[PDB]
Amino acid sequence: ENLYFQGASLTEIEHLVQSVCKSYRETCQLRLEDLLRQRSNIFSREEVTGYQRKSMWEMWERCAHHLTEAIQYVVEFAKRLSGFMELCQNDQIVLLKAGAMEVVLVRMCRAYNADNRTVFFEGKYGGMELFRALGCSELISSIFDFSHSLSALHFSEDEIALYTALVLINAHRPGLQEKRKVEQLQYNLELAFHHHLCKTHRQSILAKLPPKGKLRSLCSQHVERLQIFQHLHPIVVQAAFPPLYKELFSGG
């Protein structure tokens, strides 16, 4: 059905690097140059206080909407990824349901400033204290620590492209019908990533990448905190949370 569902030559792996990087550049949501430029645009003490005084439900709704916006770009990235549209719809859904949030969490390191420990949120940079009204301090600091750890690797845009492609194309996701097809696509995407690292003398980052359990822990924590919020404000979730967010994190 697709070339990358079988064994690929060196020239075909080189083509895969270019294709993945193109798919990412076209769906990256915000340009790295735009994020870097806005690092000096930091929320004032008054602005931080304003976010802290928002209700728990209002903050959750705002955050769920922004995360939904980010996920939609991840869906477009998947659609443009070599071989993804050749998989059956069950498997496309399985991969996006398990991997969409993982991709957003990786992409977020671009929007994280390791120098002052701030993240780009609603037009400016703010520290983790900006999210205090959510009532999920552990989850927030775990996301900030993850972004700090990824930022220390000094990822290029091409590295984020290849790595996120691998985060999404995971043959171990429970529920995959055509597991062997996914395994071969994963193998080729692994070769594309490792080829690019070899070519750019960046193989030293391989031993520095987070273990797969790390992204799983973050997603499980997210689902857990959402459940706590849902019990407290069920109508807020039912009436005002984005439909896509609900389909991915609370089974519709």
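The first residue of the sequence shown is number 1, and the count goes up from there.
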#### Entry: Mean temperature factor over C-alpha atoms, higher-scoring stretch between 205-213 and 218-226
205-213
### Message
Averaging CA B factors per stretch from the PDB record, which one is higher: 151-159 or 69-77?
### Response
151-159
### Message
Out of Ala133, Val104, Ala165, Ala114, whose C-alpha atom has the biggest B factor in the entry?
### Response
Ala114
### Query
What third of its chain's C-alpha B-factors does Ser82 belong to: lowest, middle or highest?
highest
### Query
Lowest, middle or highest third: where is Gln29 by C-alpha B factor in its chain?
highest
### Task
Comparing against every modelled residue in the chain, figure out the third that the C-alpha B-factor of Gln52 lands in (lowest, middle or highest).
middle
### Query
Should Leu232 be placed in the lowest, middle or highest third of its chain by the C-alpha B factor in the entry?
highest
### Task
Comparing against every modelled residue in the chain, figure out the third that the C-alpha B-factor of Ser9 lands in (lowest, middle or highest).
highest
